There are 2 protein chains.
Amino acid sequence: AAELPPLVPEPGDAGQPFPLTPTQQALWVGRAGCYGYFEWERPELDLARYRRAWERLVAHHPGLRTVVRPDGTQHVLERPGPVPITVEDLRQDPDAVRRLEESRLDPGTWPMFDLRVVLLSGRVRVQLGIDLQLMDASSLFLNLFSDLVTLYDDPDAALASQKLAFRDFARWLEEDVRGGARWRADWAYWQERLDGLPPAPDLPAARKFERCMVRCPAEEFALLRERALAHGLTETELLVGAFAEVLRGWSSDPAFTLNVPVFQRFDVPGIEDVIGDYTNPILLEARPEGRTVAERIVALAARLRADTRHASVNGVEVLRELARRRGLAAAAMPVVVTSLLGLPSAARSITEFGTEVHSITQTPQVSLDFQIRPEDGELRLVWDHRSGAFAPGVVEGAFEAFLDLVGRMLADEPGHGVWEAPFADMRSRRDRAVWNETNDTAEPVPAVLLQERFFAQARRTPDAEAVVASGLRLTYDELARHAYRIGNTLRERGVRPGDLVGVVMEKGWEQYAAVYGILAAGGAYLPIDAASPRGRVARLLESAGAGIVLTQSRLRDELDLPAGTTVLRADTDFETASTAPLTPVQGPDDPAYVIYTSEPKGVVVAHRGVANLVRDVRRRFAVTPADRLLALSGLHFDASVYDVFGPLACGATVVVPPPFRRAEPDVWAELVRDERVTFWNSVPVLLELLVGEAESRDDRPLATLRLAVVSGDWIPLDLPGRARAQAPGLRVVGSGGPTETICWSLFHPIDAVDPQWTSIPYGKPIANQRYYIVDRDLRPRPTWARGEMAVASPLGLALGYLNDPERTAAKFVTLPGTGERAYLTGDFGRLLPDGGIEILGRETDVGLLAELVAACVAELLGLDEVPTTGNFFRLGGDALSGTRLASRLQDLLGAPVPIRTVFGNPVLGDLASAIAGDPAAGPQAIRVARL
Amino acid sequence: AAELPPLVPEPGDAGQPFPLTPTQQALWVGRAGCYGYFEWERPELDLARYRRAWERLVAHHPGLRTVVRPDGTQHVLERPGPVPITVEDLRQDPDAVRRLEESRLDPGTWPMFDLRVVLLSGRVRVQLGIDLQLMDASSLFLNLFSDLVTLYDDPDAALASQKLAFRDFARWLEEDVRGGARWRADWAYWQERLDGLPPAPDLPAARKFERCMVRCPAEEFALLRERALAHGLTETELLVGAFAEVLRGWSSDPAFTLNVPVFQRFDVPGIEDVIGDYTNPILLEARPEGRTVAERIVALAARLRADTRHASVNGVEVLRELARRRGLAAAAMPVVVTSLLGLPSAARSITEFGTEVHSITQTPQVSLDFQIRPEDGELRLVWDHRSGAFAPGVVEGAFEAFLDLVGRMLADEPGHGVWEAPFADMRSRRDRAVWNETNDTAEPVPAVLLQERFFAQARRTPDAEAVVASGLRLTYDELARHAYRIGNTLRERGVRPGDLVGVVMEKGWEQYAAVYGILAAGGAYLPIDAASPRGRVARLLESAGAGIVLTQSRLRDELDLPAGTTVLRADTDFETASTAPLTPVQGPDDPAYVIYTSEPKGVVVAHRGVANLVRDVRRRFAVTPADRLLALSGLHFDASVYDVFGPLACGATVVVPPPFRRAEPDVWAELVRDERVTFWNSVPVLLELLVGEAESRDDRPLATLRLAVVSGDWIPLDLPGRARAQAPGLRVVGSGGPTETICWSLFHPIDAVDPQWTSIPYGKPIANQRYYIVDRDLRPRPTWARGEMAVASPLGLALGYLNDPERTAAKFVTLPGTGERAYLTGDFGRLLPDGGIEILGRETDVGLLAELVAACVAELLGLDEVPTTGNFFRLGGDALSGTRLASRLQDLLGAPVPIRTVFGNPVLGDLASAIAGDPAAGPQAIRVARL
């Protein structure tokens, strides 16, 4: 604990220039609003006594006579002149409050404050505008406001004599403390920690200062003090920790750095009466360390206390180094906790002068400022936030969660209740009601197997068109008969419930016959791309255990299938089989198919979940037998699952396009025209290609499109309008959901595209699906908070991964709060106020000098190698060895390397640049570096 | 003509540090070989007298005792010590010259020279290595070498006493001349001109110093002097101008800047005896200004004289500014002319000491150094060039052209012969013999019309396959009969020789029938893409005057053809026409087709030129009836022209692919396999796609390919090897030529791909074509010189552009040297030593300060606006107004802006940066700039 040099006052230069404090300098350049404003009301004001009070305050306090020169230094005017006090008479004007509410200052001009008095009928408004660069918050309340009350009572009152000038204190910090023994030790503390500091809270952002606030009465203030002492904490530490709990409810990452200023006057004798700027912003690293609320708050407080023990370094300097390393944006710390607790008591309080009526601090570079201030026996808790910094509702939701959390702290005995809770739910009342409303989706799904629904439809409308595929029109009865031929044959050859049968085909009617025949037989189909490379088809079939494959005779010869495999050709090997109806032998929760995705995993899906999809789509989009769907997607993709089971369940027509290995929009646009397609289903880019093709044509070939469902990628913002142009009355519908949620698991009908959107909303869940946005502990997040989409359903999820229960256990989890089975999509998004989801992400001279510095550092620290990008103090340096570093470099270079240069450039590359840029050492140093 | 300050010698500091000259500084940093070397032979050498001579030289001349300190300053050692002279005894070793030839120095060590003496049987070799930083060339010959001869005769000889030190001269230039009155005027001269200076000669580059040299005897030296005086020139000016003529024969641009050093000693009394570095590289702008050789040389000399009148600025400084503006690469001036003419006579010459046996200057940063030196009544002309800086043969070719040009100057009276020539051909004897051999391509083309060749082939092999097109095999007789049906019908409907008939079809046999029917009728066909947008088809037909169109019935309805047009469908509207042979009524030089290219131009091509192409390809690639060509290219592209006329002229088979609007390599690879295609023709990328498709397959579906001709884009370097892998024995052949040279006009058979190539060679011309590489005056260039390809032929060119004789006259020009008609391709390339062609190209604080400087400059100069990028002196400034500029900026900024700062930063943005970076003015200046 290295003691600090003493302060020697220098009154002969009291009027001489002196530098801005580090925090005053930041406001000087950072304004180029920046002011505080206060308004009190009283029945009467004696203006003569009020002017005498301010004339005495200005005379007594040099800080009220300090002005900034154009060159960024400041000095104390000796006799600035009469105090400006603007009086405005409104005692005659009716609706005077509206006339005064409709009337809403520079450091280079005196004064840096603004005094106004408004006379009204029966009352007076006193108004004080003050530049934030004039003094810090503690000088405002403990010095200015207290003396203003004392002097308005008696402008001749005795005031404690000024035993030093703030100009002395400011020079003492810059010349004697900064760079001295303790500063160097404290600087090493911060530099060891710097590259580990997390960013500022990353809170949800929107598309000038507002106020959330609350006042704790004296008896809850006393209870809050007991709750904090019970954990060994100050009230500030308790409130800072509670604030970090709440911010973690909305922040993208649980680790963040808060700006927690202290107002250290260093016990300099007399300094408690000197108006100045004592702000030292401490950069508090808030990583969650603890299982319970109490443990985390206690751990955070211990870090705050350690940081505070090293506060001879001013946080503005730590922020400067952070910006050198990361750039100015990533170094900004715009979330501040400003506590005025723990300061000396002031003689008088401004509440004895008038009842506060309006007040607002507009601070540059600050988005959220949590202010903690004692006011007349009560604890005032204020959140000042900048409008438009945060998504609508975020700050009000966080405040309501903060009051809830502090209230529980007052309600619960230490060691019980919220103190022991793993976490506090931060969702608002409205968050939960909207999410519950949107996710109240359970519906019973009748235990009818997928093929049984199709066969019943084939009995209903046996002569309607089922599959139209390239100059061939299969009727419902014809398709059912061939499915029966396949099913009887497969049953006879030993397929039993649970067996997988491969379907290796190209687009054509044989895919539809094969699927329904496999299901009729009792098995599940395993579709595999007939254009797979190498012997992928054989690897998937071997891995899946599928001993039978159905294919097309025109295709059998270009497939490498292992020799023990039964390979039947859908279109020739079944012509003599029975067409006798086959009777179902699997159950609704048995697999209907296995679809492989990116080792490749086999996604096993049951009949019940597909029936759910099909029933939801039919009702939601009014699918009828008149509809004609274009089956674009390949059988081995999830998206084809609706194409296979939806239209055929209700009597509509599947239009199968010719096989294609690259997009052919013109073929598809012709096919949409000629077969009068009503139902498009594809990834967004294929719809774009189709719409482009139509735009370049004179017929309107997409005019029969009434429904277009696109999913699996970002939807261009102009695509829906472009599609509706080529097809009036078309409903464009966004969808989504991985293979594990069974094709489509949510929808967003795109009825109109707000041009303020960055993307189309991802949508709301279909029947029997629930879309949670969860944090890393699988707990649901408030509105706007980014998290992973977890899709919960007891029937609309895949059964799991084929033969892989360990990966099934990792992705199909039990949500902790409800015990629901949920699938972790790996996609990220956030909940929207209307219940929808926004998807966010789908699943060399100096160089030689630097090597020299690095090698010299490596030997000094005892390390093999040391990178030129390393921070000297993080690599293992400290105060005394950083001094040895300056000497070893002086020796080896033959040039002067001051100690200030090593400490001012902890990053080894930055030290090289500082040495090479030094006129007194540069050329010499570069010569030695060149060997 | 502002006089210069006087030189005041300062002998009290003769041993004190002093700076390197600007040219010495460049060598100091620019070495980090750099030396000169000399070797003379004499029968005897008296080593005692030789050592005494060098000990006297070293004592007498401070420059021989000057060393560079590690900090880049230099000083004069007082007593450096005995002169090192290494003696090597080889009088016993046999083959001693080989032992001495196998034995081939730092400024910080003394001496900066290297003295050796080699004793051999009967003779001695004296060897002198000298650092280029020690002294300039004029000090070497006029001071060192002359005094070495004087002193070896008598080491006690009287020498002119040193009346000053080179250290005085070097300080006088840096402190008194530089920055003074005349320097500022000269600096304004250069700065006005700087941004206009062309780059260094851009000469052809290759994939450590060599010597071309010649010695003019005294009587030709005297004649050369008379030739120069006859034009008012010095011999140096004559030789510099002749050198610029020759360099223009190879350089990519006719304008270049040469580095022409002068060795000015400024008539300082005594300085003619002082060894030092007097080099001032003058940057000579060599733009051709004149109709004849004489006029251009006279104009260039007048610029050299003007430049020389402003040589108080050292060219190293002009080069520094040029590099600030353009970067270091584009500012380098590595082509130097070093003349030692016009200097005082030296008392003795090194030729009196020994016969020179070997000498070489290795200069950093120099690629070609033309040295002009008087030697014992003769004129020595030396080209020192760096090996590998230039393409092989370029420097030897330029030297031979230079000797030829100077020889003509000695042969011709002024006012006659070469003096009056518009230009001198610079091609070497070998250049012309190779080009003539390669371009001796004339062959008579028999007057047989294109359709007559096909009809004769249809009589020869009437049952062979002509066109195989998508499940349809047209025989030669079947194709001839349908061509006759079309031709008789078109003849009957009024087609006469000269008429154009549109062909608007998609790939299919109807294109082949339509072409031969139109030709049989007597007209020319005009193919137009059936997939053209909008009403392009109607615009082209209207523009071309084509009143008839043939199309396909399956296609007629999607075409917008104007109403007065006859539209006949090849496949239905001709079934009842006569198949009687029709007799030809056009001639071989009448149009066969019109093909439109990028307003669009109609390229009109006659029968004769197509017969030339077809006959050349048949012989060159041995096309026989067994061959089967894949007609990939569209009829409306040039590349299809061979497909239409080549195979059918000799009995081979055209395999037509299905129409395609995007590449389908797999279809094409199938089609190559199934129809046994032997002849591929396409742009390179389509062959790449086809080869990729085959690589991914197990059959070798391209195995029947024996010939692949690719043209129209860069050929990837690995494509030929990749194609030969998929098809052993395949000949890959590169081709090229625009539509105006009738499909293919040159070939390069790619038999093996040198991995040192950056591209495949473009090739050599086919029969009746000649490929010239011409400069901007349409004159042929030497080997390696970049120029425009001009394709000359009286029959292998298009007749011209349809209805557009003015554009025909601009692109189909008469070459000036031969009167040949040639087509200017707009492509660029260069001739290769083997006769081929390589194609080269196919057809904000400072910001505010800167605005402040600019506005102040704009008012001072009287201009409305002035850009921040402008050079103050080019915008209109000069010496006196640049001084006024420093004062106006001092006034308006309130900060000191020294005059040196305005002159050291002529570019207004650079002045802003210098002011903003000045500690004594920066912060103030930035404040004012911010308004």
# chains A, B, ... in the order shown; residues from 1 in each chain; ligands from 1

call {"tool": "closest_atom_pairs", "arguments": {"of": "chain B", "to": "chain A", "cutoff": "9 Å", "atoms": "only C-alpha atoms", "output": "CSV"}}
result
residue,atom,partner,partner_atom,distance
B:70,CA,A:927,CA,8.3
B:71,CA,A:924,CA,7.6
B:533,CA,A:696,CA,8.3
B:534,CA,A:696,CA,8.9
B:662,CA,A:664,CA,8.8
B:664,CA,A:662,CA,8.8
B:696,CA,A:533,CA,8.3
B:923,CA,A:71,CA,7.9
B:924,CA,A:71,CA,7.6
B:927,CA,A:70,CA,8.3

call {"tool": "residues_around", "arguments": {"residues": "residue 50 of chain A", "least_positions_apart": "4", "cutoff": "10 Å", "atoms": "only C-alpha atoms", "output": "PyMOL selection string"}}
result
chain A and resi 45-46+54-56+85+148-149+151-155

call {"tool": "atom_distance", "arguments": {"atom1": "atom CA of residue 614 of chain B", "atom2": "atom CA of residue 734 of chain B"}}
result
16.6 Å

call {"tool": "residues_around", "arguments": {"residues": "segment 810-812 of chain B", "least_positions_apart": "6", "cutoff": "12 Å", "atoms": "only C-alpha atoms", "output": "PyMOL selection string"}}
result
chain B and resi 601+603+740-741+778+789-794+797-801+804+819-826

call {"tool": "write_last_selection", "arguments": {"atoms": "N, CA, C and O atoms", "output": "compact mmCIF listing (two decimals), in the first residue's frame"}}
result
# COMPACT_ATOMS: atom_id res chain seq x y z
N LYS B 601 -23.57 -3.79 -84.84
CA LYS B 601 -23.08 -3.78 -86.21
C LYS B 601 -23.30 -5.14 -86.87
O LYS B 601 -23.11 -6.20 -86.24
N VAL B 603 -21.97 -7.74 -89.34
CA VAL B 603 -20.72 -8.16 -89.95
C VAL B 603 -21.07 -9.00 -91.18
O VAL B 603 -21.65 -10.08 -91.05
N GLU B 740 -15.20 -10.35 -87.42
CA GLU B 740 -14.69 -9.72 -88.64
C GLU B 740 -13.56 -10.52 -89.30
O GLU B 740 -13.34 -10.33 -90.50
N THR B 741 -12.88 -11.45 -88.60
CA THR B 741 -11.88 -12.29 -89.27
C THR B 741 -12.44 -13.68 -89.55
O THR B 741 -11.68 -14.59 -89.89
N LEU B 778 -0.14 2.38 -86.70
CA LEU B 778 -0.38 1.20 -87.53
C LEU B 778 0.92 0.66 -88.14
O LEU B 778 0.90 0.05 -89.22
N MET B 789 -3.40 -6.02 -82.23
CA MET B 789 -3.40 -7.00 -83.31
C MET B 789 -4.20 -6.46 -84.48
O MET B 789 -5.37 -6.10 -84.31
N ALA B 790 -3.56 -6.39 -85.65
CA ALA B 790 -4.20 -6.04 -86.91
C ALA B 790 -4.15 -7.27 -87.80
O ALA B 790 -3.07 -7.83 -88.03
N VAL B 791 -5.31 -7.70 -88.28
CA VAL B 791 -5.43 -8.94 -89.04
C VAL B 791 -5.63 -8.55 -90.51
O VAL B 791 -6.64 -7.96 -90.89
N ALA B 792 -4.63 -8.87 -91.32
CA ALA B 792 -4.59 -8.48 -92.72
C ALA B 792 -4.93 -9.67 -93.60
O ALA B 792 -4.41 -10.77 -93.40
N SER B 793 -5.78 -9.42 -94.60
CA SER B 793 -6.14 -10.45 -95.56
C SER B 793 -7.03 -9.83 -96.62
O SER B 793 -7.91 -9.03 -96.29
N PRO B 794 -6.82 -10.18 -97.89
CA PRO B 794 -7.71 -9.71 -98.96
C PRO B 794 -8.98 -10.54 -99.12
O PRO B 794 -9.85 -10.15 -99.91
N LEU B 797 -11.17 -11.51 -94.35
CA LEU B 797 -11.83 -10.49 -93.56
C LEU B 797 -13.28 -10.37 -94.02
O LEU B 797 -13.63 -10.73 -95.15
N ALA B 798 -14.12 -9.87 -93.11
CA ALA B 798 -15.49 -9.53 -93.47
C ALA B 798 -15.48 -8.45 -94.54
O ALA B 798 -14.55 -7.65 -94.63
N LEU B 799 -16.52 -8.42 -95.38
CA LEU B 799 -16.59 -7.35 -96.37
C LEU B 799 -16.70 -5.98 -95.72
O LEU B 799 -16.19 -4.99 -96.26
N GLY B 800 -17.33 -5.90 -94.56
CA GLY B 800 -17.48 -4.65 -93.84
C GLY B 800 -18.74 -4.71 -93.00
O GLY B 800 -19.33 -5.77 -92.80
N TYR B 801 -19.16 -3.55 -92.52
CA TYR B 801 -20.35 -3.48 -91.68
C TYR B 801 -21.55 -3.10 -92.54
O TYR B 801 -21.47 -2.15 -93.33
N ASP B 804 -22.97 0.63 -93.23
CA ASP B 804 -22.22 1.53 -92.35
C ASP B 804 -20.79 1.67 -92.86
O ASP B 804 -19.84 1.16 -92.25
N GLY B 819 0.03 -1.13 -97.67
CA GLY B 819 -1.22 -1.04 -98.39
C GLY B 819 -2.15 -2.23 -98.26
O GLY B 819 -3.11 -2.33 -99.02
N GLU B 820 -1.88 -3.16 -97.34
CA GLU B 820 -2.81 -4.26 -97.11
C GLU B 820 -4.03 -3.78 -96.35
O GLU B 820 -3.94 -2.96 -95.43
N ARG B 821 -5.19 -4.30 -96.74
CA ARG B 821 -6.38 -4.17 -95.90
C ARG B 821 -6.21 -4.99 -94.63
O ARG B 821 -5.82 -6.17 -94.68
N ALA B 822 -6.48 -4.38 -93.48
CA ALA B 822 -6.35 -5.04 -92.19
C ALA B 822 -7.50 -4.65 -91.28
O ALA B 822 -8.02 -3.53 -91.35
N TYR B 823 -7.90 -5.58 -90.41
CA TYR B 823 -8.94 -5.32 -89.42
C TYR B 823 -8.28 -5.08 -88.06
O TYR B 823 -7.50 -5.92 -87.59
N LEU B 824 -8.57 -3.92 -87.45
CA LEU B 824 -8.06 -3.58 -86.11
C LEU B 824 -8.94 -4.23 -85.06
O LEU B 824 -10.07 -3.79 -84.83
N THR B 825 -8.42 -5.28 -84.41
CA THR B 825 -9.22 -6.09 -83.51
C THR B 825 -9.58 -5.37 -82.21
O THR B 825 -10.55 -5.78 -81.55
N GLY B 826 -8.84 -4.35 -81.82
CA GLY B 826 -8.97 -3.81 -80.50
C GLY B 826 -8.36 -4.65 -79.39
O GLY B 826 -8.38 -4.21 -78.24

call {"tool": "residues_around", "arguments": {"residues": "segment 346-351 of chain A", "least_positions_apart": "4", "cutoff": "9 Å", "atoms": "only C-alpha atoms", "output": "PyMOL selection string"}}
result
chain A and resi 40+141-143+145-150+355-356+375-376

call {"tool": "select_by_dssp", "arguments": {"residues": "segment 395-534 of chain A", "states": "alpha helix (DSSP H)", "output": "VMD selection string"}}
result
chain A and resid 395 to 411 429 to 438 450 to 460 476 to 492 509 to 521

call {"tool": "atom_distance", "arguments": {"atom1": "atom CA of residue 227 of chain A", "atom2": "atom CA of residue 409 of chain A"}}
result
7.2 Å

call {"tool": "residues_around", "arguments": {"residues": "segment 630-636 of chain A", "least_positions_apart": "6", "cutoff": "7 Å", "atoms": "only C-alpha atoms", "output": "PDB file with N, CA, C and O atoms, in the first residue's frame"}}
result
ATOM      1  N   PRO A 527     -35.539 -41.987 -47.636  1.00  0.00           N
ATOM      2  CA  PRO A 527     -35.231 -41.454 -48.968  1.00  0.00           C
ATOM      3  C   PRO A 527     -33.773 -41.042 -49.059  1.00  0.00           C
ATOM      4  O   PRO A 527     -33.218 -40.445 -48.136  1.00  0.00           O
ATOM      5  N   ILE A 528     -33.146 -41.381 -50.179  1.00  0.00           N
ATOM      6  CA  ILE A 528     -31.751 -41.038 -50.416  1.00  0.00           C
ATOM      7  C   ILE A 528     -31.620 -40.496 -51.827  1.00  0.00           C
ATOM      8  O   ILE A 528     -32.173 -41.063 -52.777  1.00  0.00           O
ATOM      9  N   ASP A 529     -30.903 -39.388 -51.952  1.00  0.00           N
ATOM     10  CA  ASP A 529     -30.680 -38.725 -53.230  1.00  0.00           C
ATOM     11  C   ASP A 529     -30.035 -39.686 -54.218  1.00  0.00           C
ATOM     12  O   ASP A 529     -28.969 -40.245 -53.943  1.00  0.00           O
ATOM     13  N   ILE A 595     -35.013 -39.323 -42.287  1.00  0.00           N
ATOM     14  CA  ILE A 595     -34.372 -38.402 -43.215  1.00  0.00           C
ATOM     15  C   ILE A 595     -33.022 -37.994 -42.642  1.00  0.00           C
ATOM     16  O   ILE A 595     -32.940 -37.536 -41.494  1.00  0.00           O
ATOM     17  N   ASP A 643     -45.327 -32.129 -49.187  1.00  0.00           N
ATOM     18  CA  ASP A 643     -45.721 -32.443 -50.561  1.00  0.00           C
ATOM     19  C   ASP A 643     -46.195 -33.883 -50.676  1.00  0.00           C
ATOM     20  O   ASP A 643     -47.138 -34.180 -51.417  1.00  0.00           O
ATOM     21  N   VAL A 654     -50.940 -33.473 -56.793  1.00  0.00           N
ATOM     22  CA  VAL A 654     -49.500 -33.228 -56.785  1.00  0.00           C
ATOM     23  C   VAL A 654     -49.007 -33.166 -58.229  1.00  0.00           C
ATOM     24  O   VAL A 654     -49.155 -34.130 -58.986  1.00  0.00           O
ATOM     25  N   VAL A 655     -48.430 -32.033 -58.610  1.00  0.00           N
ATOM     26  CA  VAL A 655     -47.814 -31.838 -59.917  1.00  0.00           C
ATOM     27  C   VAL A 655     -46.309 -32.038 -59.747  1.00  0.00           C
ATOM     28  O   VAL A 655     -45.638 -31.228 -59.102  1.00  0.00           O
ATOM     29  N   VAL A 656     -45.767 -33.117 -60.303  1.00  0.00           N
ATOM     30  CA  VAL A 656     -44.349 -33.443 -60.147  1.00  0.00           C
ATOM     31  C   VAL A 656     -43.573 -32.875 -61.330  1.00  0.00           C
ATOM     32  O   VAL A 656     -43.911 -33.176 -62.483  1.00  0.00           O
ATOM     33  N   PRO A 657     -42.533 -32.074 -61.109  1.00  0.00           N
ATOM     34  CA  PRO A 657     -41.755 -31.526 -62.236  1.00  0.00           C
ATOM     35  C   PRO A 657     -40.782 -32.563 -62.767  1.00  0.00           C
ATOM     36  O   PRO A 657     -40.508 -33.568 -62.096  1.00  0.00           O
ATOM     37  N   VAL A 677     -51.035 -24.661 -61.338  1.00  0.00           N
ATOM     38  CA  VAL A 677     -50.556 -24.872 -59.975  1.00  0.00           C
ATOM     39  C   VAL A 677     -51.080 -23.772 -59.063  1.00  0.00           C
ATOM     40  O   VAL A 677     -51.037 -22.586 -59.410  1.00  0.00           O
ATOM     41  N   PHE A 679     -50.311 -24.000 -55.417  1.00  0.00           N
ATOM     42  CA  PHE A 679     -49.606 -24.152 -54.148  1.00  0.00           C
ATOM     43  C   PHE A 679     -48.127 -24.320 -54.467  1.00  0.00           C
ATOM     44  O   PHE A 679     -47.713 -25.375 -54.959  1.00  0.00           O
ATOM     45  N   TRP A 680     -47.337 -23.291 -54.179  1.00  0.00           N
ATOM     46  CA  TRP A 680     -45.887 -23.331 -54.315  1.00  0.00           C
ATOM     47  C   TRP A 680     -45.224 -23.541 -52.952  1.00  0.00           C
ATOM     48  O   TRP A 680     -45.639 -22.962 -51.940  1.00  0.00           O
ATOM     49  N   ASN A 681     -44.186 -24.367 -52.940  1.00  0.00           N
ATOM     50  CA  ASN A 681     -43.429 -24.695 -51.741  1.00  0.00           C
ATOM     51  C   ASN A 681     -41.969 -24.855 -52.145  1.00  0.00           C
ATOM     52  O   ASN A 681     -41.660 -25.741 -52.949  1.00  0.00           O
ATOM     53  N   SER A 682     -41.077 -24.018 -51.599  1.00  0.00           N
ATOM     54  CA  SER A 682     -39.653 -24.063 -51.950  1.00  0.00           C
ATOM     55  C   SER A 682     -38.859 -23.134 -51.038  1.00  0.00           C
ATOM     56  O   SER A 682     -39.421 -22.336 -50.290  1.00  0.00           O
TER      57      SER A 682
END

call {"tool": "residues_around", "arguments": {"residues": "segment 193-201 of chain B", "least_positions_apart": "4", "cutoff": "9 Å", "atoms": "only C-alpha atoms", "output": "PyMOL selection string"}}
result
chain B and resi 188-189+247-248+250-259+283-287+318+321-322+325+330-335+871+873-874

call {"tool": "closest_residue", "arguments": {"among": "B:760, B:137, B:212, B:405", "to": "residue 243 of chain B", "atoms": "only C-alpha atoms"}}
result
B:405

call {"tool": "residues_around", "arguments": {"residues": "segment 449-455 of chain A", "least_positions_apart": "5", "cutoff": "8 Å", "atoms": "only C-alpha atoms", "output": "JSON, numbers by chain"}}
result
{"A": [480, 516, 519, 520, 584, 587, 588, 607, 608, 610, 611, 645, 648, 649, 650]}

call {"tool": "write_last_selection", "arguments": {"atoms": "C-alpha atoms", "output": "short mmCIF file (atom, residue, chain, number, x, y, z; two decimals), in the first residue's frame"}}
result
data_model
loop_
_atom_site.label_atom_id
_atom_site.label_comp_id
_atom_site.auth_asym_id
_atom_site.auth_seq_id
_atom_site.Cartn_x
_atom_site.Cartn_y
_atom_site.Cartn_z
CA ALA A 480 -53.71 -46.56 -54.34
CA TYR A 516 -47.45 -45.32 -49.56
CA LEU A 519 -46.20 -47.44 -45.13
CA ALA A 520 -48.99 -49.84 -46.18
CA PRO A 584 -52.27 -51.44 -41.13
CA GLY A 587 -49.17 -47.43 -34.81
CA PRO A 588 -49.35 -43.64 -34.97
CA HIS A 607 -46.94 -40.63 -38.21
CA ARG A 608 -48.61 -38.55 -35.49
CA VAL A 610 -46.85 -35.52 -39.71
CA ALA A 611 -50.65 -35.80 -39.30
CA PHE A 645 -48.66 -36.25 -47.35
CA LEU A 648 -53.11 -36.48 -51.06
CA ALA A 649 -54.77 -36.54 -47.62
CA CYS A 650 -57.57 -34.20 -48.74
#

call {"tool": "atom_distance", "arguments": {"atom1": "atom CA of residue 271 of chain B", "atom2": "atom CA of residue 308 of chain B"}}
result
19.7 Å

call {"tool": "select_by_dssp", "arguments": {"residues": "segment 662-721 of chain B", "states": "strand (DSSP E)", "output": "PyMOL selection string"}}
result
chain B and resi 679-682+707-710

call {"tool": "decode", "arguments": {"residues": "segment 88-92 of chain A", "atoms": "N, CA and C atoms", "output": "compact mmCIF listing (two decimals), in the first residue's frame"}}
result
# COMPACT_ATOMS: atom_id res chain seq x y z
N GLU A 88 -38.72 35.77 -15.35
CA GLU A 88 -39.76 35.70 -16.37
C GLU A 88 -41.11 35.79 -15.66
N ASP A 89 -41.93 36.75 -16.06
CA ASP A 89 -43.18 37.04 -15.36
C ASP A 89 -44.31 36.38 -16.13
N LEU A 90 -45.01 35.45 -15.48
CA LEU A 90 -46.12 34.73 -16.09
C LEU A 90 -47.35 34.78 -15.19
N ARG A 91 -47.36 35.67 -14.19
CA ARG A 91 -48.47 35.75 -13.25
C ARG A 91 -49.77 36.20 -13.91
N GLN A 92 -49.71 36.73 -15.12
CA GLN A 92 -50.91 37.14 -15.85
C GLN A 92 -51.35 36.11 -16.88
